[PDB]
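Read the structure below first, then the notes.
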Amino acid sequence: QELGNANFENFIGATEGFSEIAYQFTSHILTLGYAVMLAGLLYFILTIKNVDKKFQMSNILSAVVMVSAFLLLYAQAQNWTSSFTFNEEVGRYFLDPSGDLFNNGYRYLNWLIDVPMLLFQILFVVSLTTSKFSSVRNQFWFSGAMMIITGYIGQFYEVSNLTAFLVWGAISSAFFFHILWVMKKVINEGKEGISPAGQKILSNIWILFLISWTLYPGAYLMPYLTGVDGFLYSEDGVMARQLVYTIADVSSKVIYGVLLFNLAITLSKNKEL
Amino acid sequence: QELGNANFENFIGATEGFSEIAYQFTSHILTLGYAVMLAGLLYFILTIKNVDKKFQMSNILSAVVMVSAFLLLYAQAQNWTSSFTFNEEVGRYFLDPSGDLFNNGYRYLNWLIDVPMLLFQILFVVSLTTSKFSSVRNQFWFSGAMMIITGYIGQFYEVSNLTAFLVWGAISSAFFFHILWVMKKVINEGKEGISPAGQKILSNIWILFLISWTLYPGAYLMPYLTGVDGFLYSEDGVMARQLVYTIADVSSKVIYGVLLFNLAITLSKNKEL
Amino acid sequence: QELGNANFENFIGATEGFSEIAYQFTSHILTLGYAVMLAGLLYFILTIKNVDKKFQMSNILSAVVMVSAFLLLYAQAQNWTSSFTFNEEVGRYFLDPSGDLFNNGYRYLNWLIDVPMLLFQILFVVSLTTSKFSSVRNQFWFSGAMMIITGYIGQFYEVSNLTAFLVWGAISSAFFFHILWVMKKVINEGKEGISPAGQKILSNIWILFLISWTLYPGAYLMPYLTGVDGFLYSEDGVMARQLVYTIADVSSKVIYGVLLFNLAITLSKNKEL
Amino acid sequence: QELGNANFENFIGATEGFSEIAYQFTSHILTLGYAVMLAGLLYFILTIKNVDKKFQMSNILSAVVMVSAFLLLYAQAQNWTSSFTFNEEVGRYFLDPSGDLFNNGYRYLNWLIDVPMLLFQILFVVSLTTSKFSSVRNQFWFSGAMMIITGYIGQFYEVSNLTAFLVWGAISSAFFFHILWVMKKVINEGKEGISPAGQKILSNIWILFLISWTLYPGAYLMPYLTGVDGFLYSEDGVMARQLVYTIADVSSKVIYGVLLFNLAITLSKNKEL
Amino acid sequence: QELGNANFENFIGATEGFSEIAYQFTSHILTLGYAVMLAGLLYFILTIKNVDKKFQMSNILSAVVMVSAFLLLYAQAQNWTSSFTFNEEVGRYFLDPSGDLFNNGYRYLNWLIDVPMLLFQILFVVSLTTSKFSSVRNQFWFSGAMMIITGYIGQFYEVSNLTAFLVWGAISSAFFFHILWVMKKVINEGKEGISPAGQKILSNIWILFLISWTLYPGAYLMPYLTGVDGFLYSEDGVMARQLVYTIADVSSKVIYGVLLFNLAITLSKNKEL
Ligand SMILES: CCCCCCCC/C=C/CCCCCCCC(=O)OC[C@H](O)CO
Ligand SMILES: CCCCCCCC/C=C\CCCCCCCC(=O)OC[C@H](O)CO
Ligand SMILES: CCCCCCCC/C=C\CCCCCCCC(=O)OC[C@H](O)CO
Ligand SMILES: CCCCCCCC/C=C\CCCCCCCC(=O)OC[C@H](O)CO
Ligand SMILES: CCCCCCCC/C=C\CCCCCCCC(=O)OC[C@H](O)CO
Ligand SMILES: CCCCCCCC/C=C\CCCCCCCC(=O)OC[C@H](O)CO
Ligand SMILES: CCCCCCCC/C=C\CCCCCCCC(=O)OC[C@H](O)CO
Ligand SMILES: CCCCCCCCO[C@@H]1O[C@H](CO)[C@@H](O)[C@H](O)[C@H]1O
Ligand SMILES: CCCCCCCCO[C@@H]1O[C@H](CO)[C@@H](O)[C@H](O)[C@H]1O
Ligand SMILES: CCCCCCCCO[C@@H]1O[C@H](CO)[C@@H](O)[C@H](O)[C@H]1O
Ligand SMILES: CCCCCCCCO[C@@H]1O[C@H](CO)[C@@H](O)[C@H](O)[C@H]1O
Ligand SMILES: CCCCCCCCO[C@@H]1O[C@H](CO)[C@@H](O)[C@H](O)[C@H]1O
Ligand code: NA
Ligand code: NA
Ligand code: NA
Ligand code: NA
Ligand code: NA
């Protein structure tokens, strides 16, 4: 069985197969994923007018991200259940290639929406001081694109070519560090000249941003985080990867969006919190 | 055959199979389920402006819950019909593993939306007295999460390991009791300083809450509530479980939301019901 | 064949099969059904503000019913086409049990939305005189539920046990008569002390209500309305049943809703008919 | 192959089959169809407030028709691709009866929405001078229904019974002529007492109405418009039929709706084209 | 294998098949495509009131285009995955004709919405000087239609008849050049009498328009841009085609729409970038 440049889920699925718990959990966690996004979509739309006009674009961009994430997670939930099929004789789910191989790369290309928009949207809530809007945006968008595309290439090789996997991963990481750098600046400048309450929220946003975004390279590496023939190169690793993605997705998109919305309220000349 | 850590529906389905009535009813009750949620979504959106601005977040969170519940019940309705297939020779529906095993765990993980949001939303209608908002919220959310996750683990074992089933169930129950405790506090404080009409509604809410939420552990235990080889360890138990879920879902989500909305109206300074 | 407690569509489908016209028409009429409901949903939402605030809940409940009816008829349209499959050799559509048996009971359980809400919504347009709101509501909802549940049980037996069919049907009919009784009271009290225009509409509503609701037991009995081995125990009866349902659905839900909307306009202190 | 009372598409499909171009084009044109309708839906909703309150019902009815047409064309696009399947050996698409026979009758019954509403909606934009509103409406609706139902019966016989085909067609045509008659009256009265610009639009509407509505009987006859065993009794005729439907659908529904909207704007007593 | 007048994707797919990366990427890029359009839809709707009433029609037409593009790209994403199926033995995806042949012509016919509306919508933001609105519109729409239809015919022959391919392509190109000509006129007239900021945006719009629209004939020719038996007559060419379409789709529809929206803001008598 030649699988070629395929994600490790397919190798586990083709050799050991997945227990009921492994298969069902992965299905459940993806389903939770897309449900959260569609619920989030509704939240961000329905709350648009709770903030001053100038902040409303941030709600709108949250909604945009929710649409992307919903569509993707929904599709990926279907891809999961179509790619692995129950074998009665042993009572595990094995790779069903008629469903296509499972690939995480669906996520990556949709990040070309999510990442640019998430980075962009904070610039509609905070005011920069020493940094130029166009410059920050351009840096975010360039390094975002490069981070994603290089990672995208990498992940095709996570089994077939560990070297390519790691090198592309490393290149990607460089762009990630750039983004972290800029976003920290943005947070800091955003704090200048706003209420202590706003400043607390931006502190939280920074922590959330840092942890949630770091989860994504975590998910990248997941199968190998316990080394060769490790605990995680297994159905347990498959579960862990999709769990981490889901936590990251909800944190980086919804909760981030909720915090920005709350910031917008504190900054809003009519409204309270 | 070998089903492993699978819900009892699959064992009934694999051995006895389901009569027309059992199979069709389970399909119908799930279909009613998701229909109610989508109708509820419409209701909560369309009525948002019937209450004072400060109460509207409760409508919004109702809507959020409706999205979650709709998506899940819709998915689960499809999962039911795909998991069991008519055998012409004997005229019953038997486990069709090409459709995946049926698993109730889909519900559980989606509760990570429903439970936090349902508990949260009342804090947007009632005013606390002695209790701190942040504290109540955090207790709800922590104990909610633990209740769900421990139950989730438990239900995989409802056939394969009755001991694990019951122990995880018991741990889960502890967190449930905590939630009941806090919600009682909240309802009592909520009654302080509002009209008798509001107070009557909150009394109803408490009864609704207590009964509807208790149904969920009822559904957990359902196959064994008539003991080993009891009436309910059967297609009749399968029917009963999904009926109870649906009653619980409608009560805990829709009717609860409607009562909160009615409370918000009585508390609403210009508006009247 | 062994079909058990199944609707007569399946027996016709398994023995004679369905001609092109019979199969296609049933598909078409169900498709019209769900299209009407979704179109109606749009109508009721878009017109909400054409009436005084106090009447708007009736539009909202119309919309709620439209959601239910859309979802159900859509599902049932799919169920029809999946349950019967073309046989090349004889050129008719025969029961395809891989699609599940066809069952009308999907409708029945969804009536647990439709019936309570349709009965409820008039109480937001008319003013009662001697009758109490909560009392009428409770009678509607109780007798509605019992009508539905008893009929639901009955229809499983329409072939397998004519006796049970007829007895449950009869019990159901009793609750139906109660509803007719109460609704007549409501109409009469509603007419008291309102414009001639209002009174004309309520007269129409009563006729519509009486005819359209009676169609539903008509559909129940349809296969046997021409007796044993009658014209209607046939593909022609199958066609007739679904036609009657569709006429009933459009009449009892959409047209009813439209009349109530028109009543609300005449009663509306801001707007002109 | 016994096909019975089936549309000619199925006979072509079962004997000669469809070339890539024929099969793909039919798929594409139906897809364009439903896309136009859903886009139209958005347009008519978003523009409602661009006209005076009294004209807005026309936008709403446009939207209603868009919902019907969207649902139907969407369904029919799926029916097309399910009904004909590629044969590798000769490289044409042949009747796949597991998908059901293809039938145009889906359209006809949905016209029970489209036709009444399209005829109705003009009466919310123009003022009649001689004719009573209710009278015109009733004539439209009666003759519309009879036109549709008689045509619906006819088209089942387009291959199996040319006589029935033509007789029912002729009866249908009589009702069509009545409608043309009434609509001409309506357009003439509508021109009376409005600006020359309004009058020009109604002139256009009449031409559009006359041509677009006549296309539908054109599509009815299409296979036989080149006589027995003519050019059009072929994959080319199949293509032509669905092309004509799509042109008719877009013209009679969307463009008609757009012209009526433009009329409503000219008549609107503080709006400007 | 006999494929007839089919796109080259099917020939590659039937002979060499597609590697994991080629197949997955094409799936991913189409999925990104439709996600962007639905996100765009939401953006354009939610921002309508950020501009003066007179400009809002442009947002609405953007939304219209988004609906078309979403539906089409969604359908086409499904068509891709249905048309090519994994072969376990060699580990590539090969033509699965039970899914239908893949055809790019789906896009072309939907352009009958996109192209007319995209060209139209600018006329609601810029003011012409010496050119007449009706005249520009008619030129756009006529040449648009002819460009599309001739290209549509051409692309069926891209393998089966290179001569027809190139001739129809050339005719199509003539109409394209006409459109470029008119759009340049429109841009120039649009610049007259607006701020330098507006003029900068229109400069950008013209560049965007020119590049993005030219990509479409690029995609047309793609398999042959490296000549006979070139690099691009391959899975790499298949990937390239759909990438170019997606870039073109996002650029010509979303980014174009965003630029027009930004222009409308600068021109708007209340608001400012
Ligand atoms: C305030 C925070 C409190 C946090 C609370 C978290 C508790 C987590 C501990 C779980 C251990 C219980 C696991 C019980 C598993 C039972 C296994 C079993 O019964 O095995 C049977 C045997 O294999 C043949 O019957
Ligand atoms: C919010 C987070 C969600 C958590 C979800 C669970 C996923 C667990 C993730 C990482 C654990 C692995 C980190 C352990 C690192 C140990 C390194 C190691 O053991 O490698 C040596 C190797 O054996 C020599 O060949
Ligand atoms: C068989 C049973 C054995 C299992 C035993 C489990 C018993 C769990 C019961 C209650 C846990 C309460 C813990 C809740 C603490 C959560 C943290 C929190 O809510 O903090 C408050 C907040 O910080 C203020 O602002
Ligand atoms: C035993 C086999 C034959 C069975 C045949 C049964 C026929 C029943 C006929 C009518 C039902 C009338 C009873 C409805 C009672 C309604 C109860 C109710 O809702 O109470 C009123 C409300 O509380 C005030 O506010
Ligand atoms: C409280 C109890 C309420 C019960 C109220 C029940 C109302 C019965 C309704 C309709 C009966 C009409 C059915 C017609 C029967 C025809 C059977 C037959 O024998 O058909 C004749 C011939 O064989 C073929 O042409
Ligand atoms: C090789 C063959 C292809 C040759 C390629 C030729 C490209 C130019 C085509 C047509 C230009 C003029 C067509 C204009 C169509 C009518 C629209 C119009 O100008 O009418 C506006 C009216 O006057 C309201 O102001
Ligand atoms: C906008 C971003 C698009 C990114 C997508 C990348 C795909 C590359 C597409 C075209 C390049 C090919 C241009 C052709 C130049 C080479 C000409 C050539 O090879 O000549 C033919 C050969 O000599 C006779 O055998
Ligand atoms: C920075 C984290 C990257 C660590 C790289 C660990 C090297 C993994 O090693 C790989 O493990 C696979 C599964 O165990 C084996 O199948 C492969 O043969 C082996 O190359
Ligand atoms: C508090 C509720 C828990 C009651 C525990 C009941 C123990 C059930 O016991 C189980 O019953 C199954 C169904 O017949 C059998 O198949 C199993 O062999 C048996 O272990
Ligand atoms: C109006 C409701 C009461 C009428 C009861 C009619 C009794 C029908 O009788 C049934 O007719 C079927 C159809 O031919 C037969 O196949 C069954 O054998 C027979 O039981
Ligand atoms: C008014 C226009 C109707 C003209 C009807 C005449 C055509 C009837 O001719 C029919 O053509 C079919 C296909 O060629 C054949 O299969 C039939 O046998 C033949 O009766
Ligand atoms: C303007 C760009 C047009 C270039 C036309 C070059 C035609 C290439 O030639 C074609 O190449 C195919 C793929 O290798 C072959 O399969 C065909 O047989 C051959 O006609
Ligand atoms: Na599966
Ligand atoms: Na089934
Ligand atoms: Na079928
Ligand atoms: Na097909
Ligand atoms: Na595939």
Side-chain angles (χ1 to χ4, degrees), chain A residues 42 46, chain B residues 32-52 55-70 73 114-115 117-126 183 186-187 190 194-195 197-199 201-213 215 246-268 271-273, chain C residues 48 53-54 56-68 112-121 123-124 133-134 136-138 140-142 144-145:
Chain A
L42 190 55
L46 282 180
Chain B
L32 172 58
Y34 75 64
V36 163
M37 297 308 159
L38 195 61
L41 175 52
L42 223 215
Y43 176 81
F44 287 118
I45 291 177
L46 281 179
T47 55
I48 287 185
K49 297 254 259 263
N50 293 0
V51 301
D52 288 356
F55 297 131
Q56 290 187 359
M57 181 62 57
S58 186
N59 274 72
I60 291 167
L61 287 183
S62 274
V64 157
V65 167
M66 293 296 109
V67 167
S68 162
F70 165 71
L73 288 188
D114 301 352
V115 156
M117 292 299 99
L118 286 167
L119 293 177
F120 195 30
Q121 71 173 120
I122 189 158
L123 298 186
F124 285 90
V125 181
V126 304
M183 178 54 86
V186 166
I187 284 201
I194 80 178
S195 84
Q199 274 168 5
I201 292 171
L202 273 172
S203 286
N204 291 332
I205 284 171
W206 169 246
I207 301 323
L208 183 72
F209 182 84
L210 186 66
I211 292 170
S212 69
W213 279 54
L215 285 182
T246 301
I247 289 163
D249 286 336
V250 168
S251 301
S252 65
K253 298 178 220 279
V254 170
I255 297 185
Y256 176 76
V258 167
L259 287 191
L260 273 186
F261 168 71
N262 285 323
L263 178 55
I265 279 169
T266 68
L267 294 180
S268 266
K271 241 84 101 271
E272 15 60 53
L273 88 164
Chain C
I48 283 184
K53 195 57 191 276
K54 69 190 287 273
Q56 289 186 1
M57 181 59 57
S58 184
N59 274 72
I60 293 168
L61 287 183
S62 275
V64 157
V65 166
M66 293 296 109
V67 173
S68 164
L112 283 177
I113 296 168
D114 300 352
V115 156
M117 292 299 100
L118 287 166
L119 293 177
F120 195 30
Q121 71 173 122
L123 296 184
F124 288 89
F133 171 89
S134 64
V136 169
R137 182 203 58 213
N138 287 357
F140 273 158
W141 284 2
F142 178 75

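We name chains A, B, ... by the order of the sequence lines, and we start the count at 1 in each one. All values below were derived from every heavy atom in this structure, side-chain atoms included, with hydrogens, water molecules and symmetry-related copies excluded.
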Who passes side-chain hydrogen bond (donor to acceptor under 3.5 Å, both in side chains) against C/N59, sequence neighbours left out? C/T47

Working to the nearest 0.5 angstrom, can you tell me the gap between B/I265 CD1 and B/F261 CZ? 3.5 Å

Can you find a heavy atom in the side chain of B/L208 that is under 4.5 Å from one in the side chain of B/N204? no

Just do the side-chain contact (heavy atoms from CB on, under 4.5 Å) check on C/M57 and B/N50 with the steps written out, would you? CA-CA 10 Å; C/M57 181 59 57; B/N50 293 0; 4.2 Å; yes

Taking the side chain as C-beta and beyond, is there a heavy-atom pair between B/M183 and B/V186 under 4.5 Å? yes

To the nearest 0.5 Å, how far apart are CD in B/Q56 and NZ in B/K49? 7.0 Å

List in chain and number order the residues that pass ring pair (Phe, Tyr, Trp, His ring centres under 6.0 Å) with B/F209, two or more places apart in sequence or in another chain; answer none if no residue qualifies. B/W213

How far does CD1 of B/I205 sit from OG of B/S212, to the nearest 0.5 angstrom? 11.0 Å

Hey, are the side chains of B/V258 and B/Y43 touching, using non-hydrogen atoms and a 4.5 Å cut-off? yes

B/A63 and B/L41: which non-hydrogen atoms are nearest, and at how many Å? O-CD1, 3.5 Å

Measuring from atom CD1 of B/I45 to atom CD1 of C/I60, what distance do you get when rounded to the nearest 0.5 angstrom? 11.5 Å

Is the shortest heavy-atom distance from the side chain of B/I194 to the side chain of B/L267 under 4.5 Å? yes

Atom pair CG (C/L112) and OG (C/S68), whose distance is rounded to the nearest 0.5 Å: 9.5 Å

pair B/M66-A/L42: side-chain heavy atoms closer than 4.5 Å: no

Side chain to side chain, B/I122 and B/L260, heavy atoms closer than 4.5 Å: yes

Parallel under 30°, tilted from 30 to 60°, perpendicular over 60°: which one fits the rings of C/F120 and C/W141? perpendicular

Please tell me if the side chains of B/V65 and B/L61 come closer than 4.5 Å, counting only heavy atoms from C-beta onward. no

With rounding to the nearest 0.5 angstrom, report the NZ to OG1 distance, B/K271 to B/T266. 12.0 Å

Which residue pairs pass the side chain to side chain donor-acceptor pair (under 3.5 Å) test when at least one of the two sits in residues 247-258 of chain B, sequence neighbours left out? B/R107-B/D249, B/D114-B/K253, B/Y216-B/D249, B/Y216-B/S252

Do C/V67 and C/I113 come within less than 4.5 Å of each other through their side chains, counting heavy atoms only? no

For C/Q121 and C/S62, the nearest pair of non-hydrogen atoms, with its separation, is NE2-OG, 3.1 Å

So which atom in B/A248 and which in B/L215 form the shortest heavy-atom distance, rounded to 0.1 Å? CB-CB, 3.7 Å

